[PDB]
file input_11.cif (mmCIF, C-alpha atoms and all ligand atoms)
data_entry
#
loop_
_atom_site.label_atom_id
_atom_site.label_comp_id
_atom_site.auth_asym_id
_atom_site.auth_seq_id
_atom_site.Cartn_x
_atom_site.Cartn_y
_atom_site.Cartn_z
CA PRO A 1 51.89 -204.37 33.31
CA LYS A 2 49.60 -206.17 35.73
CA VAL A 3 45.92 -205.36 35.16
CA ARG A 4 43.68 -207.23 37.62
CA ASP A 5 46.68 -209.42 38.52
CA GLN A 6 47.22 -210.49 34.90
CA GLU A 7 50.60 -209.98 33.25
CA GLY A 8 48.99 -211.31 30.06
CA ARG A 9 46.21 -210.09 27.79
CA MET A 10 43.24 -211.50 25.88
CA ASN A 11 41.67 -209.92 22.80
CA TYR A 12 38.00 -210.54 22.02
CA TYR A 13 36.53 -210.94 18.54
CA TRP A 14 33.08 -211.21 16.98
CA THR A 15 31.45 -211.70 13.59
CA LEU A 16 28.07 -212.39 12.00
CA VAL A 17 26.98 -215.59 10.23
CA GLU A 18 24.48 -215.34 7.38
CA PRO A 19 21.47 -217.71 7.28
CA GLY A 20 22.82 -220.85 5.65
CA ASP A 21 26.55 -220.16 6.03
CA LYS A 22 29.40 -221.99 7.76
CA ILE A 23 32.09 -220.81 10.19
CA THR A 24 35.31 -222.77 10.77
CA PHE A 25 37.53 -222.63 13.85
CA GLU A 26 41.06 -224.04 13.76
CA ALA A 27 43.84 -223.63 16.32
CA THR A 28 46.76 -225.39 17.98
CA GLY A 29 46.19 -223.40 21.20
CA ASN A 30 45.46 -219.95 22.67
CA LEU A 31 41.83 -220.05 21.45
CA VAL A 32 38.95 -219.08 23.76
CA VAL A 33 36.29 -221.09 21.91
CA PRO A 34 32.65 -219.96 21.95
CA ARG A 35 30.11 -221.70 24.15
CA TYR A 36 26.94 -219.68 23.50
CA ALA A 37 25.95 -217.81 20.35
CA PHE A 38 22.96 -215.60 19.62
CA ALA A 39 20.44 -216.01 16.80
CA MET A 40 19.45 -212.37 16.28
CA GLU A 41 17.65 -210.07 13.85
CA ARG A 42 18.55 -206.39 14.14
CA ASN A 43 15.77 -203.89 13.37
CA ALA A 44 16.09 -200.15 12.61
CA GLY A 45 19.10 -198.32 14.03
CA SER A 46 18.82 -197.09 17.61
CA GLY A 47 21.07 -195.78 20.37
CA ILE A 48 22.37 -196.48 23.87
CA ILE A 49 21.40 -194.45 26.95
CA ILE A 50 23.79 -194.05 29.88
CA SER A 51 21.95 -192.76 32.94
CA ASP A 52 21.29 -193.47 36.61
CA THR A 53 17.60 -192.76 35.95
CA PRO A 54 15.58 -195.84 36.99
CA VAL A 55 13.36 -197.82 34.64
CA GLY B 1 0.56 -150.86 17.20
CA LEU B 2 0.93 -150.66 13.43
CA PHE B 3 -2.78 -150.05 12.85
CA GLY B 4 -2.99 -147.75 15.87
CA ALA B 5 -6.24 -148.97 17.43
CA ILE B 6 -5.24 -151.28 20.31
CA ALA B 7 -3.22 -149.21 22.79
CA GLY B 8 -3.89 -146.42 20.28
CA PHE B 9 -7.06 -144.37 19.86
CA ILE B 10 -8.89 -147.03 21.90
CA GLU B 11 -7.08 -146.62 25.21
CA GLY B 12 -7.84 -149.89 27.00
CA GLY B 13 -9.78 -153.13 26.82
CA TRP B 14 -12.96 -154.38 28.45
CA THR B 15 -12.79 -157.03 31.16
CA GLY B 16 -16.59 -157.23 31.00
CA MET B 17 -17.02 -158.32 27.39
CA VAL B 18 -16.50 -162.05 27.89
CA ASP B 19 -18.19 -163.38 24.74
CA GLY B 20 -15.26 -162.85 22.40
CA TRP B 21 -12.19 -160.86 21.41
CA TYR B 22 -13.91 -157.93 19.67
CA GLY B 23 -17.31 -156.43 20.35
CA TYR B 24 -19.41 -153.45 21.33
CA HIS B 25 -20.68 -151.65 24.41
CA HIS B 26 -23.92 -149.70 24.03
CA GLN B 27 -26.22 -147.71 26.26
CA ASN B 28 -29.63 -146.30 25.39
CA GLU B 29 -32.96 -145.55 27.05
CA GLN B 30 -33.79 -149.24 27.59
CA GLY B 31 -30.54 -150.53 29.07
CA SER B 32 -26.85 -151.12 28.43
CA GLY B 33 -24.27 -153.88 28.35
CA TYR B 34 -21.54 -155.59 26.39
CA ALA B 35 -21.86 -157.84 23.35
CA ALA B 36 -19.12 -159.40 21.25
CA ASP B 37 -19.02 -159.40 17.45
CA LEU B 38 -18.77 -163.12 16.70
CA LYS B 39 -18.22 -162.65 12.95
CA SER B 40 -14.82 -161.03 13.47
CA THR B 41 -14.08 -163.07 16.61
CA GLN B 42 -14.59 -166.38 14.80
CA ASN B 43 -12.41 -165.26 11.89
CA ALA B 44 -9.59 -164.41 14.30
CA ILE B 45 -10.14 -167.69 16.17
CA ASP B 46 -10.18 -169.72 12.95
CA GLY B 47 -7.14 -167.79 11.72
CA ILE B 48 -5.04 -167.98 14.88
CA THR B 49 -5.92 -171.67 15.33
CA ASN B 50 -4.64 -172.34 11.82
CA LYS B 51 -1.48 -170.34 12.57
CA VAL B 52 -0.46 -172.26 15.71
CA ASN B 53 -1.12 -175.57 13.95
CA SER B 54 0.97 -174.51 10.95
CA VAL B 55 4.02 -173.95 13.17
CA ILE B 56 3.54 -177.12 15.22
CA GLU B 57 2.65 -179.52 12.42
CA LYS B 58 4.99 -178.32 9.67
CA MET B 59 7.62 -179.83 11.98
CA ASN B 60 7.79 -183.54 11.16
CA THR B 61 10.74 -185.70 12.19
CA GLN B 62 11.64 -189.34 11.62
CA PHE B 63 13.01 -191.87 14.09
CA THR B 64 16.67 -191.15 14.85
CA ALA B 65 19.22 -191.78 17.59
CA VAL B 66 21.69 -188.96 18.19
CA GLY B 67 24.00 -191.02 20.40
CA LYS B 68 27.22 -191.95 18.61
CA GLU B 69 30.09 -193.62 20.48
CA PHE B 70 33.75 -193.03 19.58
CA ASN B 71 36.85 -194.38 21.31
CA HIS B 72 40.07 -192.54 22.20
CA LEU B 73 41.67 -192.94 18.75
CA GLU B 74 38.64 -191.38 16.99
CA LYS B 75 38.76 -187.88 18.50
CA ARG B 76 38.63 -186.43 14.97
CA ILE B 77 35.28 -187.91 13.95
CA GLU B 78 34.06 -187.45 17.52
CA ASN B 79 34.65 -183.71 17.12
CA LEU B 80 33.01 -183.92 13.68
CA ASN B 81 29.92 -185.48 15.25
CA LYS B 82 30.03 -182.73 17.87
CA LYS B 83 30.19 -180.13 15.09
CA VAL B 84 27.07 -181.64 13.51
CA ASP B 85 25.10 -181.78 16.76
CA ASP B 86 26.27 -178.33 17.85
CA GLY B 87 25.57 -177.12 14.32
CA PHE B 88 21.93 -178.22 14.39
CA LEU B 89 21.56 -176.80 17.90
CA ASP B 90 22.65 -173.33 16.77
CA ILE B 91 20.30 -173.31 13.77
CA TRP B 92 17.17 -174.61 15.49
CA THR B 93 17.70 -172.22 18.42
CA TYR B 94 18.13 -169.14 16.23
CA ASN B 95 15.19 -170.14 14.04
CA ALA B 96 12.78 -170.84 16.90
CA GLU B 97 13.82 -167.70 18.78
CA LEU B 98 13.42 -165.41 15.76
CA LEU B 99 10.20 -167.10 14.63
CA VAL B 100 8.39 -166.55 17.93
CA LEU B 101 9.81 -163.01 18.08
CA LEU B 102 8.58 -162.15 14.59
CA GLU B 103 5.21 -163.90 14.67
CA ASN B 104 4.29 -162.51 18.08
CA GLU B 105 4.63 -159.07 16.50
CA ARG B 106 2.53 -160.18 13.51
CA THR B 107 -0.18 -161.69 15.69
CA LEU B 108 -0.53 -158.58 17.85
CA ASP B 109 -0.84 -156.54 14.64
CA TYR B 110 -3.47 -158.98 13.34
CA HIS B 111 -5.63 -158.26 16.39
CA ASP B 112 -5.00 -154.54 15.90
CA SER B 113 -6.13 -154.85 12.29
CA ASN B 114 -9.38 -156.59 13.25
CA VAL B 115 -10.30 -153.86 15.75
CA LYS B 116 -9.53 -151.14 13.20
CA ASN B 117 -11.60 -152.82 10.48
CA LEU B 118 -14.45 -153.51 12.91
CA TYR B 119 -14.42 -149.80 13.71
CA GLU B 120 -14.56 -148.74 10.06
CA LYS B 121 -17.54 -151.01 9.36
CA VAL B 122 -19.46 -149.01 11.97
CA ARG B 123 -18.18 -145.59 10.87
CA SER B 124 -19.04 -146.14 7.20
CA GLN B 125 -22.63 -146.98 8.24
CA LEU B 126 -23.36 -144.03 10.57
CA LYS B 127 -21.87 -141.49 8.17
CA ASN B 128 -23.21 -138.41 9.96
CA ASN B 129 -26.13 -139.81 11.98
CA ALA B 130 -23.61 -140.35 14.80
CA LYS B 131 -20.72 -138.36 16.23
CA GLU B 132 -17.18 -139.74 16.33
CA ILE B 133 -16.53 -138.63 19.91
CA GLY B 134 -13.15 -140.34 19.82
CA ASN B 135 -11.91 -143.23 21.94
CA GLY B 136 -13.64 -145.57 19.50
CA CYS B 137 -17.15 -144.48 20.50
CA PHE B 138 -20.11 -143.17 18.53
CA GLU B 139 -22.74 -140.83 19.95
CA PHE B 140 -25.94 -141.05 17.91
CA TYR B 141 -27.83 -137.95 16.78
CA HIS B 142 -31.09 -139.88 17.26
CA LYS B 143 -32.85 -142.30 19.59
CA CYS B 144 -31.50 -145.78 18.81
CA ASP B 145 -33.44 -148.54 20.57
CA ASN B 146 -32.27 -152.13 21.03
CA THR B 147 -33.72 -152.93 17.61
CA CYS B 148 -31.55 -150.20 16.09
CA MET B 149 -28.46 -151.37 18.01
CA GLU B 150 -28.70 -154.95 16.74
CA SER B 151 -28.77 -153.54 13.19
CA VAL B 152 -25.52 -151.59 13.48
CA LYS B 153 -23.79 -154.73 14.78
CA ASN B 154 -25.49 -156.85 12.10
CA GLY B 155 -24.28 -154.45 9.40
CA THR B 156 -27.82 -153.54 8.28
CA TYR B 157 -28.23 -150.06 9.79
CA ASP B 158 -30.82 -148.14 7.77
CA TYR B 159 -29.24 -144.74 7.10
CA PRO B 160 -32.17 -143.17 5.15
CA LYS B 161 -34.50 -144.16 8.01
CA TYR B 162 -32.76 -142.15 10.74
CA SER B 163 -31.34 -139.44 8.45
CA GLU B 164 -34.53 -137.42 8.96
CA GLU B 165 -34.17 -137.31 12.75
CA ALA B 166 -30.38 -136.85 12.78
CA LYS B 167 -30.54 -133.87 10.40
CA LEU B 168 -32.46 -131.65 12.83
CA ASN B 169 -30.55 -132.73 15.95
CA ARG B 170 -27.28 -131.63 14.33
CA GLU B 171 -28.48 -127.97 14.25
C1 LIG C 1 -29.27 -159.04 9.68
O1 LIG C 1 -28.67 -159.14 8.37
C2 LIG C 1 -29.27 -160.14 7.53
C3 LIG C 1 -28.48 -160.16 6.24
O2 LIG C 1 -29.11 -160.98 5.26
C4 LIG C 1 -30.75 -159.85 7.33
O3 LIG C 1 -31.35 -160.88 6.56
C5 LIG C 1 -31.46 -159.72 8.67
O4 LIG C 1 -32.81 -159.32 8.47
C6 LIG C 1 -30.75 -158.69 9.55
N1 LIG C 1 -31.40 -158.56 10.84
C7 LIG C 1 -31.44 -159.52 11.78
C8 LIG C 1 -32.16 -159.16 13.04
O5 LIG C 1 -30.93 -160.62 11.61
#

call {"tool": "encode", "arguments": {"input": "input_11.cif", "output": "structure tokens", "more": "lines below"}}
Ligand SMILES: *[C@@H]1O[C@H](CO)[C@@H](O)[C@H](O)[C@H]1NC(C)=O
result
Amino acid sequence: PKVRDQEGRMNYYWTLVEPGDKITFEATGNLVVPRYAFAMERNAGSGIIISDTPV
Amino acid sequence: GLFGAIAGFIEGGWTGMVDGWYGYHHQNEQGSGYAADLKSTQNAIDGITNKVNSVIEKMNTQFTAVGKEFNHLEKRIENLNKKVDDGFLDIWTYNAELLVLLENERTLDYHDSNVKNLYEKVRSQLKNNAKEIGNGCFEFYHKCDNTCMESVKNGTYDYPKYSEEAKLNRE
């Protein structure tokens, strides 16, 4: 069924890459390749707040 | 209360005595006025201060986020998470409610105890040199100047000194 005028779909995927590891992409089509990645370092566990309260 | 002094045999309190929680009111030939007993007041202050701190500061928590996010095919563990959050809410509400209920009773008794004990320290000094006229007052059987007053409060009232004069006034 059309969702935003799209009879098709597109799944999104994600994974982490350890310091000093390799990741390999390989496809004959239908691949939405990455353009930007993010070098991150996650600290202690936190949450997400959903509120109209201003900052 | 339990000790039966505050709202008991001492009907009301004194809005004039502003030095502390417990004290005396005297009148003699050379004046009158209020004066708080700091020895018992400080003990209550030091004791109550330690009590409020013990409830506040025995509560120590670590950093935590309660917000967990579950999609539409995880309603089971979303209701589990709700059972945990609602479970802690029920416990901490019942504990805090009952604690303040119970310790407010204990604190009001603690002030009743201090007034009772402060009264007995005076009674056991003026054994029969003064008259227990009720309402937590003593009427002396002798002339007690401001020097004599400061000795009853100090706890150094000289019974054998005034026993001579109080014997004949009892008639
Ligand atoms: C009060 O009691 C103390 C107890 O040691 C005593 O030394 C003192 O002489 C008494 N009188 C006054 C006025 O402090």

call {"tool": "closest_atom_pairs", "arguments": {"input": "input_11.cif", "of": "chain B", "to": "ligand LIG 1 (chain C)", "cutoff": "12 Å", "atoms": "only C-alpha atoms and all ligand atoms", "output": "Markdown table"}}
result
| residue | atom | partner | partner_atom | distance |
| --- | --- | --- | --- | --- |
| B:39 | CA | C:LIG1 | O1 | 11.9 |
| B:146 | CA | C:LIG1 | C8 | 10.6 |
| B:147 | CA | C:LIG1 | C8 | 7.9 |
| B:148 | CA | C:LIG1 | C8 | 9.5 |
| B:149 | CA | C:LIG1 | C8 | 10.0 |
| B:150 | CA | C:LIG1 | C8 | 6.6 |
| B:151 | CA | C:LIG1 | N1 | 6.1 |
| B:152 | CA | C:LIG1 | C1 | 9.2 |
| B:153 | CA | C:LIG1 | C1 | 8.6 |
| B:154 | CA | C:LIG1 | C1 | 5.0 |
| B:155 | CA | C:LIG1 | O1 | 6.5 |
| B:156 | CA | C:LIG1 | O1 | 5.7 |
| B:157 | CA | C:LIG1 | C6 | 9.0 |
| B:158 | CA | C:LIG1 | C6 | 10.7 |

call {"tool": "residues_around", "arguments": {"input": "input_11.cif", "residues": "segment 38-47 of chain A", "least_positions_apart": "2", "cutoff": "10 Å", "atoms": "only C-alpha atoms", "output": "list in words"}}
result
residues 16, 17, 19, 36 and 49 of chain A; 63, 64, 65, 66, 67, 68 and 69 of chain B

call {"tool": "closest_residue", "arguments": {"input": "input_11.cif", "among": "A:27, A:53, A:14, A:48", "to": "chain B", "atoms": "only C-alpha atoms"}}
result
A:48

call {"tool": "residues_around", "arguments": {"input": "input_11.cif", "residues": "segment 15-32 of chain B", "least_positions_apart": "4", "cutoff": "10 Å", "atoms": "all atoms listed in the file", "output": "list in words"}}
result
residues 36, 37, 38, 39, 40, 41, 42, 44, 45, 111, 114, 115, 118, 119, 136, 137, 138, 139, 140, 143, 144, 145, 146, 149 and 153 of chain B

call {"tool": "atom_distance", "arguments": {"input": "input_11.cif", "atom1": "atom CA of residue 109 of chain B", "atom2": "atom CA of residue 3 of chain B"}}
result
7.0 Å

call {"tool": "atom_distance", "arguments": {"input": "input_11.cif", "atom1": "atom CA of residue 55 of chain B", "atom2": "atom CA of residue 95 of chain B"}}
result
11.8 Å

call {"tool": "atom_distance", "arguments": {"input": "input_11.cif", "atom1": "atom CA of residue 100 of chain B", "atom2": "atom CA of residue 52 of chain B"}}
result
10.8 Å

call {"tool": "closest_residue", "arguments": {"input": "input_11.cif", "among": "B:80, B:62, B:132, B:8", "to": "chain A", "atoms": "all atoms listed in the file"}}
result
B:62

call {"tool": "residues_around", "arguments": {"input": "input_11.cif", "residues": "residue 34 of chain A", "least_positions_apart": "4", "cutoff": "12 Å", "atoms": "only C-alpha atoms", "output": "number ranges by chain"}}
result
A: 12-15, 23-25, 38

call {"tool": "closest_residue", "arguments": {"input": "input_11.cif", "among": "A:2, A:50, A:55, A:33", "to": "chain B", "atoms": "all atoms listed in the file"}}
result
A:50

call {"tool": "build_atoms", "arguments": {"input": "input_11.cif", "residues": "segment 12-27 of chain A", "atoms": "N, CA, C and O atoms", "output": "PDB file, in the frame of the given file"}}
result
ATOM      1  N   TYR A  12      39.306-209.952  22.284  1.00  0.00           N
ATOM      2  CA  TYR A  12      38.000-210.540  22.020  1.00  0.00           C
ATOM      3  C   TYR A  12      37.552-210.166  20.612  1.00  0.00           C
ATOM      4  O   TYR A  12      37.766-209.036  20.161  1.00  0.00           O
ATOM      5  N   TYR A  13      36.925-211.117  19.927  1.00  0.00           N
ATOM      6  CA  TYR A  13      36.530-210.940  18.540  1.00  0.00           C
ATOM      7  C   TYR A  13      35.084-211.387  18.351  1.00  0.00           C
ATOM      8  O   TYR A  13      34.535-212.147  19.153  1.00  0.00           O
ATOM      9  N   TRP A  14      34.470-210.900  17.273  1.00  0.00           N
ATOM     10  CA  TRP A  14      33.080-211.210  16.980  1.00  0.00           C
ATOM     11  C   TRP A  14      32.828-211.042  15.491  1.00  0.00           C
ATOM     12  O   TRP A  14      33.514-210.273  14.813  1.00  0.00           O
ATOM     13  N   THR A  15      31.836-211.776  14.993  1.00  0.00           N
ATOM     14  CA  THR A  15      31.450-211.700  13.590  1.00  0.00           C
ATOM     15  C   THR A  15      30.029-212.233  13.456  1.00  0.00           C
ATOM     16  O   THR A  15      29.496-212.878  14.363  1.00  0.00           O
ATOM     17  N   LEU A  16      29.421-211.951  12.306  1.00  0.00           N
ATOM     18  CA  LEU A  16      28.070-212.390  12.000  1.00  0.00           C
ATOM     19  C   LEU A  16      28.105-213.547  10.999  1.00  0.00           C
ATOM     20  O   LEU A  16      29.017-213.655  10.175  1.00  0.00           O
ATOM     21  N   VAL A  17      27.099-214.415  11.086  1.00  0.00           N
ATOM     22  CA  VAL A  17      26.980-215.590  10.230  1.00  0.00           C
ATOM     23  C   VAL A  17      25.643-215.520   9.507  1.00  0.00           C
ATOM     24  O   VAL A  17      24.587-215.540  10.151  1.00  0.00           O
ATOM     25  N   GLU A  18      25.687-215.453   8.177  1.00  0.00           N
ATOM     26  CA  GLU A  18      24.480-215.340   7.380  1.00  0.00           C
ATOM     27  C   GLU A  18      23.635-216.609   7.494  1.00  0.00           C
ATOM     28  O   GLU A  18      24.157-217.687   7.793  1.00  0.00           O
ATOM     29  N   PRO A  19      22.319-216.504   7.263  1.00  0.00           N
ATOM     30  CA  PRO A  19      21.470-217.710   7.280  1.00  0.00           C
ATOM     31  C   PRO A  19      21.872-218.694   6.194  1.00  0.00           C
ATOM     32  O   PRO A  19      21.739-218.408   5.000  1.00  0.00           O
ATOM     33  N   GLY A  20      22.359-219.862   6.602  1.00  0.00           N
ATOM     34  CA  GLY A  20      22.820-220.850   5.650  1.00  0.00           C
ATOM     35  C   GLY A  20      24.291-220.782   5.325  1.00  0.00           C
ATOM     36  O   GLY A  20      24.690-221.206   4.234  1.00  0.00           O
ATOM     37  N   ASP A  21      25.113-220.254   6.226  1.00  0.00           N
ATOM     38  CA  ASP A  21      26.550-220.160   6.030  1.00  0.00           C
ATOM     39  C   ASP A  21      27.266-221.003   7.080  1.00  0.00           C
ATOM     40  O   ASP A  21      26.665-221.469   8.052  1.00  0.00           O
ATOM     41  N   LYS A  22      28.566-221.199   6.872  1.00  0.00           N
ATOM     42  CA  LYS A  22      29.400-221.990   7.760  1.00  0.00           C
ATOM     43  C   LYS A  22      30.526-221.123   8.323  1.00  0.00           C
ATOM     44  O   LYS A  22      30.997-220.188   7.669  1.00  0.00           O
ATOM     45  N   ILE A  23      30.944-221.441   9.546  1.00  0.00           N
ATOM     46  CA  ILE A  23      32.090-220.810  10.190  1.00  0.00           C
ATOM     47  C   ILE A  23      33.017-221.914  10.690  1.00  0.00           C
ATOM     48  O   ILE A  23      32.559-222.916  11.251  1.00  0.00           O
ATOM     49  N   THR A  24      34.319-221.740  10.471  1.00  0.00           N
ATOM     50  CA  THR A  24      35.310-222.770  10.770  1.00  0.00           C
ATOM     51  C   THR A  24      36.335-222.226  11.755  1.00  0.00           C
ATOM     52  O   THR A  24      36.985-221.209  11.491  1.00  0.00           O
ATOM     53  N   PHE A  25      36.478-222.910  12.887  1.00  0.00           N
ATOM     54  CA  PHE A  25      37.530-222.630  13.850  1.00  0.00           C
ATOM     55  C   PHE A  25      38.660-223.640  13.686  1.00  0.00           C
ATOM     56  O   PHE A  25      38.430-224.808  13.365  1.00  0.00           O
ATOM     57  N   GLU A  26      39.887-223.178  13.915  1.00  0.00           N
ATOM     58  CA  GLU A  26      41.060-224.040  13.760  1.00  0.00           C
ATOM     59  C   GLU A  26      42.209-223.413  14.535  1.00  0.00           C
ATOM     60  O   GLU A  26      42.560-222.254  14.289  1.00  0.00           O
ATOM     61  N   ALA A  27      42.789-224.170  15.463  1.00  0.00           N
ATOM     62  CA  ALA A  27      43.840-223.630  16.320  1.00  0.00           C
ATOM     63  C   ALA A  27      44.626-224.773  16.940  1.00  0.00           C
ATOM     64  O   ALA A  27      44.094-225.861  17.177  1.00  0.00           O
TER      65      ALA A  27
END
